[PDB]
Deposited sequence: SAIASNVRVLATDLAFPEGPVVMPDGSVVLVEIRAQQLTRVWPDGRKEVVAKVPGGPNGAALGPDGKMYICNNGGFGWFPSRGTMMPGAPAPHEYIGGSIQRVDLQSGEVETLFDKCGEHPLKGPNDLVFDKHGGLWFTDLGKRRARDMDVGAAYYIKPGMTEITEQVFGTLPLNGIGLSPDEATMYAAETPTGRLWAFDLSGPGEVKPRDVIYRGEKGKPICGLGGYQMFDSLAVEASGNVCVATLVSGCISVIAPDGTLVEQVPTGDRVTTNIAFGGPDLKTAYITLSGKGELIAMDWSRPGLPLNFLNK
């Protein structure tokens, strides 16, 4: 595990997407932008994304899909009314910077705080909703699936505590969602693309005072979850076994993504230190649809 700092002075980095050339496109939630970090050290702003760009994934159209949580109040906190503009799913042209809003509601219900997302092999899009905190109450968590072609959005999970990281198993027959305040990883069986069958179960619950953020899946099927408070990556086997915890040096470790040769480099956002780092990983990551395969 040779650790290297790839970029600093990032304004709450999140949603890293590691390109084939080893460049990283990621979100800066606090600076409300999508940023490109190159291996020669240089950085460029790809697009301004007003609100709270929170997670990213490259889509089948070659555009970068964004979970926009609508904005926080700044370490993030509950958004004062004016700092919140509504949650949405958006799309950014990585060549022009054009931002288009795709969904801001499901049925008659506005999206609250979209957080992270993952494409299935047909181009369908899974995403989590962390909800928003208000003065005296908070939204429940949820997970949604947008049908291939961006034709329809559906609610698949609803009524958990806030949900954050999301991924698919290698065979894409299981969707994983990380429940933030409990440090529990939930697994949901899929009867087919975009459809949970009964709705799921927690396969791992960490002890102590540990919370979960975003995640990335390994080719082995292990789920690698950014772990807040204790500041590490928690590697969880498909059967729920805690395989290992890799310290990162930041209590606000928020996301991980695999790239580099054989997808054996982990790219991690340390959102407390404002850093993007890279770390050797003993096992290869799961190739993401429309990015790595």
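- Unmodelled regions of the deposited chain, listed from N- to C-terminal end, are 1-4, 79-85, 210-217.
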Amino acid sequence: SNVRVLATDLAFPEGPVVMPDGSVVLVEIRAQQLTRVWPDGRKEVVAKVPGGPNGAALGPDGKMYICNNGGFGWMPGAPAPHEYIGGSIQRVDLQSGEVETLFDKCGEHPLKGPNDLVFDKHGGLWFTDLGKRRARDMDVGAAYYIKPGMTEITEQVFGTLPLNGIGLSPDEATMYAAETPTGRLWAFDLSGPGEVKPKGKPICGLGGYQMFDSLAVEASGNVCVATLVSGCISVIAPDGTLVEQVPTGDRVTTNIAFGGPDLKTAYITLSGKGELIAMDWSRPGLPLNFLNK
From here on, numbers count along this sequence of modelled residues.
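Basically, rigid core = biggest C-alpha set you can superpose within 1.5 Å across the two forms.
- With 138-146 and 195-203 as candidates, the stretch whose CA atoms show the greater average offset from this form in 4 other deposited structures of this protein after a core fit is 195-203.
- Between 36-44 and 23-31, the larger mean CA deviation from the shown form in 4 other deposited structures of this protein, after core superposition, belongs to 36-44.
- Once the C-alpha B-factors are averaged per stretch, 252-260 and 234-242 rank with 234-242 first.
- In this entry, 98-106 shows the higher mean Cα temperature factor of the pair 98-106 and 182-190.
- Reading the B-factor column for the CA atoms of 167, 114, 141, 198 in the entry, the top value corresponds to 198.
- Of the candidates 87, 123, 79, 159, the PDB record gives 79 the highest C-alpha temperature factor.
- Remark: residue 154 belongs to the middle third of its chain, ranked by C-alpha B-factor as recorded.
- Per the deposited record, the Cα B-factor of residue 131 falls in the lowest third when ranked against the other modelled residues of its chain.
- Among the modelled residues of the chain, residue 75 sits in the highest third by CA temperature factor in this PDB entry.
- In the deposited entry, the Cα temperature factor of residue 14 places it in the lowest third of its chain's modelled residues.
- Annotation for residue 45: C-alpha temperature factor in the highest third relative to the rest of the modelled chain, per the entry.
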